[PDB]
K.L.:
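I have a structure here, written as structure tokens, and I will follow up with some questions on it.
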Protein chains: 4
Amino acid sequence: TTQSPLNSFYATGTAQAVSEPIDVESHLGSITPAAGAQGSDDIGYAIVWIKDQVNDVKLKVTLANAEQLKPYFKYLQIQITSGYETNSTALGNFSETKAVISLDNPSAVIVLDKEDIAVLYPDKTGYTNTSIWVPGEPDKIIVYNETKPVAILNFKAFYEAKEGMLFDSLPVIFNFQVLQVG
Amino acid sequence: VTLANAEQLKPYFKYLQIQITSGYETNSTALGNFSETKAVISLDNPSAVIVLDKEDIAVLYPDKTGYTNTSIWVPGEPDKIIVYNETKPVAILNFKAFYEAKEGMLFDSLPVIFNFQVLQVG
Amino acid sequence: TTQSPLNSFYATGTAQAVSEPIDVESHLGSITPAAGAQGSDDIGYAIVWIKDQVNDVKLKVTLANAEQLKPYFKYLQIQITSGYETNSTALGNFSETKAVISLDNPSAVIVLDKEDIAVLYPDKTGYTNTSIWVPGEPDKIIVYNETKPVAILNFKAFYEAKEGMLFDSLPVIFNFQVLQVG
Amino acid sequence: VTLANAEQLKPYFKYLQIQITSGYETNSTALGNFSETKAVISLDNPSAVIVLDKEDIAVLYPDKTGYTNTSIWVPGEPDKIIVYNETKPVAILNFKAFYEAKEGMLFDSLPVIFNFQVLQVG
Ligand SMILES: [Ca+2]
Ligand SMILES: [Ca+2]
Ligand SMILES: [Ca+2]
Ligand SMILES: [Ca+2]
Ligand SMILES: [Ca+2]
Ligand SMILES: [Ca+2]
Ligand SMILES: [Ca+2]
Ligand SMILES: [Ca+2]
Ligand SMILES: [Ca+2]
Ligand SMILES: [Ca+2]
């Protein structure tokens, strides 16, 4: 009569990847020395949000406009440190200098692992009503009573202005490139 | 059990493994709880042979002491009741995935398709 | 009827490595001589946290900006000693000079073994209420009543400033590279 | 017993050895405690043959002197009771790992898969 092939059984699911692994928002500052002066100053920070089930990040940070900056600076070095402060006392404070880039070595590889990524768990003992803020600046709160894996990169500059050069508004541009994610 | 669209899934995943376990939970205390991992398939080995025997098939007998007013539900999810006070031989296959998304690939709604083929019955 | 292959039995576990073997946080100081003077001064320390089931560490410490430092110094030598102080009297005090780097030999290999890594066990006789602090500076406590394998690297500088050279804020940069871990 | 995904585990481990011991603990004092290391598998020798005989299989007889109200549990973990006042022949295989993680490799959730194949039964 009818000979079934015994194949007409199926089960189906779906998959998606709708977001990039990281988001970067910048809060950098300015370098305002006199002509030919030597100094150092904190630039600011850059928030690196971490997305769904991302645990380790490998980045490459580059001084994109290093060639443009050369005729205005005798030397210019940017030091990037990963760190944050919190009231959690179960997560703790962190500080980790990761790279030093300059006009001669504009690129550097940075790795962010479990300690570089700060996470709060509001439904646990240690994370009752705890915040996360930029190191040394308690008024700039990043995360408050919610689970948002975040990394904070703090920028500090060491510079030598060129003798007699007067300039007004040239930008300092940093580019981030994701290399590996897990 | 075969991953029918494994070739389609390859350019979106660095690796993808599906683990299938037979198991259930019940209040019978005469049939008991069961758990049995049966196969692990992937994009390189899409097919696997699975055998379901007496313990993999859960049956209730409402007119007996041990099966008075007993249910059968998915392991770990008591609100999803499969069988209630009736004789219906049933097996539950639970799926778990281990995956590595490909770097930089953005995708929306591609399906994951599993095909079942009966080989022998008794 | 049915011929079983007798293969459908499985048991599964998981593995992860989510942290790098070491963490380095810096507390270095400054070198402030007169123009052309000869002297020596303690720079500071650098805390090296040890992670899960890590017992021996082989590092490479480099003076990253040695070329930049050359026109300001006739010579500059950095001596790194591993050591700590404690009240444990079951762990004891430690001191171990590990490397001497300079502008001509900027890199050196350092090995940290069981004695270089200080660990407390608060639930034992010898480690009741004991602390760990930087040698010679009792007010800088590193570990208190908890198990955190830590190594302390202390920096001391021997320098000769160049005659007549006036400089303000150039940085001294040390880079650490992990070679082997067990 | 085979390490099914040994090839997948290779780029994350310099070496990885799994030691399997058959053993159990009990209050029977007529069956006694048992411990028997049976195999050591690794990424280079993923498979090993294991034989379970009369001592590896623990059985209780609740209607006898020595097995009055006796339990069987995992060695060193008294809170995980396997069998209680009933006749259920059971063998317990305990797993211990010796591993060397690869230098600088960061990984999150890859699985370790063991496959069991029956060869002979009596
Ligand atoms: Ca100048
Ligand atoms: Ca100045
Ligand atoms: Ca992840
Ligand atoms: Ca990846
Ligand atoms: Ca048949
Ligand atoms: Ca001199
Ligand atoms: Ca002097
Ligand atoms: Ca170790
Ligand atoms: Ca190693
Ligand atoms: Ca036989």
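For ligands, and for the atoms within them, numbers begin at 1 and follow the listed sequence. Residue numbers begin at 1 in each chain, while the letters A, B, ... track the order of the sequences.
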K.L.:
B:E100: which N/O/S atom is nearest the Ca ion (ligand 4)?
P.N.:
OE2
K.L.:
Please walk me through it: do A:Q180 and A:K58 pass side-chain hydrogen bond (donor to acceptor under 3.5 Å, both in side chains)?
P.N.:
CA-CA 5 Å; A:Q180 281 176 327; A:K58 198 165 95 191; 2.9 Å; yes
K.L.:
Taking 3.0 Å as the cut-off, does an N/O/S atom of D:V121 lie below it from the Ca ion (ligand 10)?
P.N.:
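True for D:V121.
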K.L.:
For A:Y84 versus A:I152, what's the shortest heavy-atom pair and its separation?
P.N.:
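Closest pair (atom of A:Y84, atom of A:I152, distance): CB-CD1, 4.0 Å.
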K.L.:
What is the O(A:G182)-the Ca ion (ligand 3)-OD1(A:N55) angle, to the nearest 10 degrees?
P.N.:
120°
K.L.:
Decide side-chain hydrogen bond (donor to acceptor under 3.5 Å, both in side chains) for D:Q117 and C:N7; before the verdict, give the C-alpha distance in whole Å, the side-chain angles of both, and the deciding distance to 0.1 Å.
P.N.:
CA-CA 5 Å; D:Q117 184 178 2; C:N7 297 337; 3.3 Å; yes
K.L.:
Does D:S109 put an N, O or S atom under 3.0 Å from the Ca ion (ligand 3)?
P.N.:
no
K.L.:
Check all N, O or S atoms of D:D108 and name the one closest to the Ca ion (ligand 3).
P.N.:
OD2
K.L.:
What closest approach, in Å, do D:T87 and D:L60 show between heavy atoms, and which atom pair accounts for it?
P.N.:
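Taking every non-hydrogen atom into account, OG1-O, 2.8 Å.
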K.L.:
So, of the N/O/S atoms that B:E103 has, which is the nearest one to the Ca ion (ligand 4)?
P.N.:
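So the atom name we want here is OE2.
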K.L.:
Tell me whether B:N5 contacts the main-chain N or O of B:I113 through its side chain, where contact means a donor paired with an acceptor under 3.5 Å.
P.N.:
yes
